[PDB]
Amino acid sequence: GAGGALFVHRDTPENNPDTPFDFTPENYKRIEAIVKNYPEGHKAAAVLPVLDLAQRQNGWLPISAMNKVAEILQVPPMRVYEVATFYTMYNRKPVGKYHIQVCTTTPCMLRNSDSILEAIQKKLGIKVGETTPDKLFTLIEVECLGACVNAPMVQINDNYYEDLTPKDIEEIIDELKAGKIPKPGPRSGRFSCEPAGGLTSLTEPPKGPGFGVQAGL
Amino acid sequence: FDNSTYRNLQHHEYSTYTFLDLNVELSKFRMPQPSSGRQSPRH
Amino acid sequence: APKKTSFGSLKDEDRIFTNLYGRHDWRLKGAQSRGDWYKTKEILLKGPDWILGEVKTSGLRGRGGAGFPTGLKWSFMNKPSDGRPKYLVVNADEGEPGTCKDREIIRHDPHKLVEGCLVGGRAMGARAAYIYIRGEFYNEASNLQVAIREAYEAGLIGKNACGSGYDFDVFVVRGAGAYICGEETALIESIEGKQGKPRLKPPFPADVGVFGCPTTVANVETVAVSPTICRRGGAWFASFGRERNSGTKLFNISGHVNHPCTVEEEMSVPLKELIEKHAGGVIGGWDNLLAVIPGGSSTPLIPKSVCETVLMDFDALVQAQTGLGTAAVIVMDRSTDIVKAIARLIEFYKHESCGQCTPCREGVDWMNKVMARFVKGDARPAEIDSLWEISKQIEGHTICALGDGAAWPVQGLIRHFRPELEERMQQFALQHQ
Amino acid sequence: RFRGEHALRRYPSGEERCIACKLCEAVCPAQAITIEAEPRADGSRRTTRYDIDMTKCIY
Amino acid sequence: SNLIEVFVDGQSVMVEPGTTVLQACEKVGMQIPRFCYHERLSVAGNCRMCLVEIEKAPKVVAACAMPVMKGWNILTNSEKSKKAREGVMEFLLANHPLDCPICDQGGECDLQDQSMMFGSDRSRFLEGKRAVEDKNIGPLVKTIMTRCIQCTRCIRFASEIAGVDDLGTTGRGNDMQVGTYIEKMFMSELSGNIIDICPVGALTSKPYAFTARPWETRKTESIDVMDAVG
Ligand SMILES: NC(=O)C1=CN([C@@H]2O[C@H](COP(=O)(O)OP(=O)(O)OC[C@H]3O[C@@H](n4cnc5c(N)ncnc54)[C@H](O)[C@@H]3O)[C@@H](O)[C@H]2O)C=CC1
Ligand SMILES: Cc1cc2nc3c(=O)[nH]c(=O)nc-3n(C[C@H](O)[C@H](O)[C@H](O)COP(=O)(O)O)c2cc1C
Ligand code: SF4
Ligand code: SF4
Ligand code: SF4
Ligand code: SF4
Ligand code: SF4
Ligand code: FES
Ligand code: FES
Ligand SMILES: [Mg+2]
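What counts and how
Residue indices run from 1 on each chain, following the sequence as it is written; they may not match the entry's numbering, and residues absent from the coordinates are omitted. Labels follow written order: the first chain is A, the first ligand is 1, and so on. Part of a larger assembly is what these chains represent; accordingly, every value refers to the shown part. As a rule here, side-chain values cover all heavy atoms of the structure and leave hydrogens and water aside. Should any heavy atoms of two residues lie within 4.5 Å, those residues are counted as being in contact. A quick way to say it: buried area is the sum, across both parts, of accessible area lost when two parts are put together, with a 1.4 Å probe. We define a salt bridge as a contact between a side-chain nitrogen of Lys or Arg and a carboxyl oxygen of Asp or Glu at a distance within 4 Å. Only DSSP runs of H or I reaching four residues or more are called helices, and only runs of E reaching two or more are called strands; each is numbered from the N terminus. Note on residue categories: nonpolar means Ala, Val, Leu, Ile, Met, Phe, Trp, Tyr, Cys or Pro, charged means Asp, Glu, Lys or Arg, and polar means any other residue, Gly included. Listed donor atoms are N, O and S within 2.8 Å of the metal (Na, K and Ca: 3.2 Å). As water is not included, a site may look incomplete. Throughout, exposure labels follow a simple rule: accessible area from a 1.4 Å probe, protein chains only, divided by the maximum for the residue type, with under 20% read as buried, over 50% as exposed, and the rest as partly exposed. Each nonpolar core is a collection of buried residues, namely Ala, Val, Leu, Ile, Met, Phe, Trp, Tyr and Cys, held together in the definition by side-chain atoms within 4.5 Å. When at least one non-hydrogen atom of a residue lies within 4 Å of a molecule or strand, that residue is treated as near it. For the purposes of these results, a polar contact is taken to be a pair of N or O atoms within 3.5 Å, where, inside protein, one atom must be able to donate a hydrogen and its partner to accept one; residues adjacent in sequence count only when each atom of the pair is a side-chain atom. Multiplying 1.5 Å by the residue count of a helix minus one yields the expected span of that helix.

Its PDB header names cryo-EM as the technique used to obtain the model and reports a resolution of 2.4 Å.

Here it is as C-alpha cells:
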C-alpha cells in the first residue's frame, strides 16, 4: 500500500546534525579509491557509493552521515538528501541486525510467497514493518529481486535464500538467532537456476578455445 | 570432467567490505582519469 | 536448406552461455578453457569497422527488451573524437519482474561480460566501460570484481589490454534499489550521483551521455555475446531464428510451471515447446493453463488460445499484440486470480515510478487505486472502459517507457479477461446491494 | 426559493461559513457588496469588512 | 542563411537551428500551454502539458524541449494535441485540492486558466486525494504544499538564478515532494520571486495573504527606489 516512511526530517536527540559520525581511516582509503574511478571535475558521481559506504559502517544513515558525505564530496547537502530519500536501499532509520526482505511481486507471489511471509511473522512475532524487541530482525516486503525462478525467495543482508518453504525460512531464522550464518542459495537441492530435475540442456562438455572460429582470424 | 558440482562458493565467504576492498585493489591498474578542466561544475 | 520453419531444438555445441548453471569454474582459468578470451588481440586489431560489421551481419537485436538492432546502434559512436572521452555503459540492473538472465551471466560467466565490454568499447572507440549492476546483487558484483581483477593481472584489460595497443578500463558501479535506474538515461543520471530520473531524448546518449560525453548503453546479454559473434561470425549467429529475429536467447520460465528455470534456446522456438520441454509444463497439464506473460511484467499477457501457436520472437509476439520484452515467461494456470496478478504488477509499477513526469506520477497511482477496487469488485462496468482510456492517456505521453509498461498489462487484462471483471462486479453488487 | 433580506450564516460549531473568496463581490451586477479580508489571529481566512448596500441591491 | 524553414499549422516560418517547437509556434503568435517551462530557467520537460503533434509522426513531442527539424509541420490544434492536453490536465487535477475559494492564486492561476481553456469540464476521478504536510521556509513565502503540481520551477530558480541549493525533491513517484527535507529558511535577496514563478498557490506571499483578489486590483506601472538599479 502506502509507503509509511516520512520524507521530511525532524531532529531527535538520537538523530540530529550533532549526532557523532565519522568514517574510519580504512573507510577514508576506500573513499579515495571510489573517488578516483570518476573523471576529474565530476566528483559527485561518488555520492551513491560513498553514502552506501557510510551505511555499511554505521548500519543506517543519520542526518550527520549525509552532512559528512556532502562535506567530503563538496556537494550541497540537499543533493545528498535527494539521493538518500530516492533510493530504497538507504536506511534513514535504524534497522535490526538482520534485515529480512521477502519478495511479493507476481512471479514470486504465484509460488506462495504469502506462506513465507506468514511463517516469518509467526516465527518472529512481528509485522511487515516492525523490528523485533531484541533489535535483531526487521521484516519488510520488497518488489522483484531478480530471483524469480527461485521464488519464493528472501534477501538478508546481501544473501539470497531461495526456493523457500515455511520450514526452511523458520530454520534459517533459527540458525541466524543462535549465532551462526546460513549458506545462501536454493533450499531444495538445486543450488542453481537449473530445472528441478533432469538438466534439460548443458549436459555435454563445453567446446574448447577456437572450436567455432571463422576463417581469416 | 563433472557437471554435478556447483563450484560457485566464493560468495559464501564474502564480507561487507569485499566489494570495496576489491575496488581499492583495482585502483592500482587504472589508467589516469580524464579531466573536464574544472574542480566542479560550480568552479 | 535455408528458411527453416521449425525452430527450437539446438544442441549445446551452439550455446554461447555454456556455464549458465555454474557447474564449471566461473573463474578466468575456467573461462579460457571453455573458449573465452580467445583471439581478443586479433579481434581488436581487426578494427572498429570490422567489429561493427560482424554485429550488423548477425542481425543482433538488443536483449534488454526493446530489440533495437545492435549494429546500427553501436555504429552511432563511430564519429571522430571531439575532445570528449567516450564511454560504454553495461546495463546490469535487471529490474523486470520475471527476469533473471543477467544475474546468471554476471555470477557464472563474468569473463564473457568483461571481454564483451572490451570488444564493444573497441568497436565504439570507447575509453572505458562502466558496468552498472543492481545493488541487491552484492555477491554477483563481487564475483564480477574478482573476474575484473584477474583480467587486470593477466593483462587482458587496462593498459594495452593485450598485445594490442589499446587502453581500456572496466568499472563496476552498484545501484541502490531502483527499478527505474534500468532505463538508460536514468541509469546515466544515477551514475552521475543524482536521482534516477530519465532524461528526454534528444539528445541521445551517443551525443550527450554519461558525464555529458558520448555514451552507448547496452544490455549485459547483448554485450556478452559480442565476442562469440565476432569469433564465429555474424553469418553463423544469424543462421538461427527467423528473419529479423536472429540468434539465440535466454528465457526465464517461472510461475505455474513444474520446473521453473532459465535456459538458452533458439529465438523463434514456439512457446508451447519451450514451456513443456525445459520447464516441465504447466502444473495440472497444458489444459490447466490460463494465461502467459511472455516477456516480463511490461508486456501484455496472452490467453491459452494464443499461447498454443505463437512463436517466441519479436515480430511474432508483436502480431499477438504483446511483445517479446525481456523473454521472461510467467505462467499462470486456471487456479490463479488473473485480476490479482495484474493488480500486483500495477502496484509494483506504482512503487517504481520516479515521479518526474505528470502522466506516470499521477496516472499510475490512479490505475493502482482503480485496479485494487477491481480486485474486490467495488467498481461498475462503465469504469472498465474508463480505465482503458486512462491507460491510453498515460501511454505515449510520458518521458520514460515505464508509463508504457504500466499501461500495457492493464490493456491486456481488459482485452482478454473483461468478462471476469464484469462478473466480479456483478457478484460484489449481489452480496452488497 | 423566495429572495429576501440577506444574511451571513455559520457552521453548527458557531464558526462563520464565509472565507472571503469574494465571488459574491465579483458576481454582483449592482456592485452592492464590499469586502475586506485579512488573516485572523488564529490564521483563519476571514473577512474584516462585509457590506451590502441594500439600496444598490437588485435582489 | 543558416535559417531553416518549418511550418506551424501549414504556415512557413524561418527559424535558427536548435530552436524548440515552442519558440517556433511563438514566432507565428501561438502560445503552447505550459506549466514547467520558463524561458529564463533551464528546460525541464516534466509537466508534459506542451505535447504537440508533428505531421506524419505517431508520437507527440514535448514542444518546450524538442528542437525543430527542417521541413517539420507542427499541428497545434489537431485532435491528438487536444486530447494530449485534456489527459495531462486530468492527471494534474486528479490530486489537486478543492482550494480555489481559499487559495490566493484564485483569479491568477495558470492551472485554473489552462483547465478552462484546454482541459475538460468534468472529473471522472472517484478515489481519495493525496495530502502532504506543509513546509516552513521563512516569513516571506507561505507554503501550502498540497497544491504543488511538481513543476520544479522553484528548484531550478533557486539553483540557477538565486545561487542556492536548498530546494529539492525527496521521495519518488506519487509521494515525491518539493522541499528542504530539514527545517531550513530559504532566505535570500531574490527569494520572493519563487512566488511569481510558481504557477499555483503552493507558494504564495505571506504578507499579502487573503487581502485582495486580482480582478479588483488597479495596476500602476512604476519604478523602484529601494536601490540604484531602478
Ligand atoms: N532488462 C530488464 O530488466 C528490463 C527491460 N525492459 C525493457 O525496455 C524496453 C523499452 O525500453 P526503451 O529504453 O524505452 O527502448 P527504446 O525504444 O527507447 O530504444 C532502445 C535502444 O535503442 C536506442 N535508440 C532508439 N532509437 C534511437 C535513435 N533514433 N537514435 C539513437 N538511438 C536510439 C535507444 O538509445 C536505446 O538504447 C521495454 O520493451 C522492456 O522490455 C524494461 C524494464 C526492465
Ligand atoms: C523502466 C525501464 C527499466 C529498464 N531496465 C533495464 C534493465 O534493467 N536492463 C536492461 O538491459 N535494460 C533495461 N531497460 C531498457 C534499456 O533502455 C536498454 O537496456 C537500453 O536501451 C539498451 O539496451 P539494449 O542493449 O538491449 O539495446 C529498461 C527500460 C525501462 C524503460
Ligand atoms: S514514465 Fe514514470 S518512470 Fe519514466 S520518467 Fe515518467 S514518471 Fe519517471
Ligand atoms: S466572500 Fe462571498 S462568496 Fe466568498 S465565502 Fe464569503 S459570502 Fe461566500
Ligand atoms: S444585487 Fe443583491 S442579490 Fe444580487 S448579487 Fe448583488 S448583493 Fe446579491
Ligand atoms: S492553485 Fe489554482 S487550481 Fe489550485 S486551488 Fe489555487 S486557484 Fe484553485
Ligand atoms: S512549489 Fe510551485 S514552483 Fe515549486 S515545484 Fe511546486 S508548483 Fe512548481
Ligand atoms: S518476483 Fe520475486 S524475485 Fe522476482
Ligand atoms: S512545458 Fe514542456 S513538458 Fe512542461
Ligand atoms: Mg505562486
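*Asks:* What's the story with the interface of chain A and chain B in this structure? I'm lost.
*Replies:* Much of the literature gives interface size as the accessible area that the parts lose upon coming together. Counting residues at the interface gives 23 residues for chain A, matched by 23 residues for chain B. Of the roughly 2,000 Å² buried where chain A meets chain B, counting both sides, 52% is carbon and sulfur surface. The largest contributions to the chain A side of the interface with chain B come from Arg30, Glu40 and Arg56 of chain A, which together make up 26% of the buried area. Summed over the shared surface of chain A and chain B, the result is 1 salt bridge. The residue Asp21 of chain B makes a salt bridge to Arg30 of chain A at a minimum N-O spacing of 3.1 Å. Put simply, the parts of the chain that give the side of chain A that touches chain B at least two residues each are helix 1 (25-37) and helix 2 (47-58) of chain A. For the side of chain A that touches chain B, a count of residues per class yields 9 nonpolar, 8 polar and 6 charged.

*Asks:* Looking at this model, I keep getting lost on the coordination of the magnesium ion (ligand 10). Mind explaining?
*Replies:* Six octahedral donors around a metal ideally sit at 90 or 180 degrees from one another, while four tetrahedral donors ideally sit at 109.5 degrees. Within the protein, the magnesium ion (ligand 10) binds to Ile195 of chain E (O), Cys198 of chain E (O) and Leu203 of chain E (O); these donor distances fall in the range 2.7 Å. The exposure class of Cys198 of chain E is buried, given its relative accessible area of 8%.

*Asks:* Help me out: how do you make sense of the nonpolar core in this one?
*Replies:* Side chains of a nonpolar character, in soluble globular proteins, are inclined to be buried together. Grouped together as the largest cluster of nonpolar side chains are 222 residues, with contacts concentrated most on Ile191 and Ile275 of chain C together with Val21 of chain E. With 9 residues, the top contributor of residues to this core is helix 14 (residues 338-352) of chain C. In this view, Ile191 of chain C contacts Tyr38 and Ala45 of chain A together with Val89, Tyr130, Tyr132, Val173, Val210 and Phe211 of chain C; residues no more than four positions away in its chain are not counted. Core analysis: the second largest hydrophobic core is formed by 33 residues, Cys109, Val141, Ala158 and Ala202 of chain E among them.

*Asks:* Help me understand the environment of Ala151 of chain A, please; the structure alone is not making it clear to me.
*Replies:* Relative to the assigned elements, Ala151 of chain A resides in the loop between strand 2 (137-142) and strand 3 (154-156). Taking the C-alpha atoms as reference points, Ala151 of chain A and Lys177 of chain A, separated by 26 residues in sequence, lie 24 Å from one another.

*Asks:* Explain the site of ligand 3 here, please?
*Replies:* The local shell around ligand 3 consists of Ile180, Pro198, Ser353, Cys354, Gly355, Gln356, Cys357, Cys360, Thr398, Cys400, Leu402 and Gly403 of chain C. Of the residues that constitute the shell around ligand 3, the class distribution is 7 nonpolar, 5 polar and no charged.

*Asks:* I keep staring at the pattern of salt bridges and nothing clicks. Help me out?
*Replies:* Between side chains of opposite charge, a pair can form when the charged atoms approach closely. In total, this model carries 75 salt bridges over all chains according to the counting rule given. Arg10 of chain A is the partner of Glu133 of chain E in a salt bridge, and the nearest nitrogen-oxygen pair spans 3.0 Å. Of this pair, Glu133 of chain E sits in the loop between helix 3 (110-118) and strand 6 (141-143) while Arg10 of chain A sits in the segment before helix 1, placing the two residues on different chains. For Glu133 of chain E, a relative accessible area of 33% puts it in the partly exposed group. Salt-bridge contacts for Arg79 of chain A lead to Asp165 of chain E; the nearest nitrogen and oxygen are separated by 3.3 Å. In this pair, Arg79 of chain A is assigned in helix 4 (residues 77-86) and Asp165 of chain E in the loop between helix 4 (153-162) and strand 7 (168-170), connecting two distinct chains. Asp165 of chain E carries the same exposure label as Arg79 of chain A, and that label is buried. What you see here is one network of salt bridges that share partners, running through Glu162 of chain A together with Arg103, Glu104, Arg107 and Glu140 of chain C.

*Asks:* What is the right way to read the site of ligand 5 from this model?
*Replies:* Every residue near ligand 5 is listed here: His6, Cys28, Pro29, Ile33, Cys57, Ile58 and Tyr59 of chain D. Of the residues in the shell around ligand 5, the class split is 6 nonpolar, 1 polar and no charged.

*Asks:* I tried to follow the interface of chain C and chain A on my own but got confused; where do I start?
*Replies:* Each partner contributes to the interface: chain C provides 83 residues, whereas chain A provides 65 residues. Of the roughly 6,100 Å² buried where chain C meets chain A, counting both sides, 59% is carbon and sulfur surface. Here chain C and chain A share 4 salt bridges between them. One salt bridge connects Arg23 of chain C with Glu194 of chain A, and the closest N-O pair in it is separated by 2.6 Å. In this assembly, chain C and chain A are joined by 27 residue pairs in polar contact. Among the elements that take part in the side of chain C that touches chain A, helix 14 of chain C stands out by supplying 9 residues, more than any other. For the side of chain C that touches chain A, a count of residues per class yields 32 nonpolar, 26 polar and 25 charged.

*Asks:* Help me out: how do you make sense of helix 7 (residues 166-177) of chain A in this one?
*Replies:* The periodicity of an α-helix, 3.6 residues per turn, causes residues three or four positions apart to be oriented the same way. Residue and element names in this part refer to chain A. Taking 1.5 Å as the rise per residue, helix 7 with 12 residues should run 16 Å; its terminal C-alpha atoms sit 17 Å apart, in good agreement. When helix 7 is considered as a whole, its buried residues turn out to be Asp168, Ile169, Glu170, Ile172, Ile173 and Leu176. If you follow the buried residues of helix 7, they end up packed against strand 1 (98-103), helix 6 (113-124), strand 2, strand 3 and strand 4 (159-162). After helix 7 finishes, the residue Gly179 shows a positive phi value of roughly 85°.

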